[PDB]
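Undergrad: these are from a larger complex, still in place; more later:
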Amino acid sequence: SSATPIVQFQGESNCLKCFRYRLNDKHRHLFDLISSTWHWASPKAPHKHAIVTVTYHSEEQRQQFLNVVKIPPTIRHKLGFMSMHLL
């Protein structure tokens, strides 16, 4: 509706980029969009890890992704939402 379900992955950039490659290789059907690697700039930031945002068509698809995909321990993930208007 007004909100798109997302998972944000956080970690060191190369490990994250490796993970992104893996998702694109094997799990393209379990998510919608996936971003390039990014971070929060400047010392005014919540953390300084690299970040990849992955979006889903629905909360069901996000849950199916989380049930299937093995997230490496060195990559943290957080669920949330962003305005669908932003895509």
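TA: Alright, I've got the coordinates. Numbering: from 1, shown residues only, chains lettered A, B, ... in the order given.

Undergrad: how long is stretch A:37-47 end to end?
TA: 14 Å (C-alpha to C-alpha, to the nearest Å).

Undergrad: May I see the buried residues of that stretch?
TA: Residues of stretch A:37-47 classed as buried: residue A:37 (neighbour count, 16 or more other C-beta atoms under 10 Å). In short, each C-beta sits where N, CA and C put it, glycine included.

Undergrad: repeat for stretch A:29-37
TA: Residues of stretch A:29-37 classed as buried: A:30-32, A:34, A:37 (neighbour count, 16+ other C-beta under 10 Å).

Undergrad: Put this one in as chain B:
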Amino acid sequence: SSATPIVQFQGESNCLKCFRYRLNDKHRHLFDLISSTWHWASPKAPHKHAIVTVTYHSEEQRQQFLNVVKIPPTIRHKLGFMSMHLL
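TA: Time to bring in chain B:
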């Protein structure tokens, strides 16, 4: 000995870079030198993977490395030697 034991790792470069940092953080004293990622240039190349070279002080250290380190699934490895002179 005039030959240095090596392990060559092959895969997607961000995966190899992630692996390299993991090696340096958790297994630094089970290998000697570690290269940057490289590949074979031009159309003649035997493959198109990126590559990392890891050297060892001795065959005993290499075996201990292989006994202990869990090599991630994006990455293939081969064992061999290179002239010590080249280091």
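
Undergrad: now residue A:8, nearest residue through space, not along the chain?
TA: Leaving aside its sequence neighbours, residue A:8 sits nearest to residue A:78 (C-beta to C-beta, 6 or more residues apart in numbering or on different chains; 4.9 Å).

Undergrad: Next, that neighbour: secondary structure please.
TA: strand (DSSP: H, G, I helix; E, B strand; the rest coil).

Undergrad: Please tell me how far it sits from residue B:70.
TA: 26 Å (C-beta to C-beta, to the nearest Å).

Undergrad: What of residue A:16?
TA: Going from residue A:16 to residue B:70 by C-beta to C-beta gives 19 Å.
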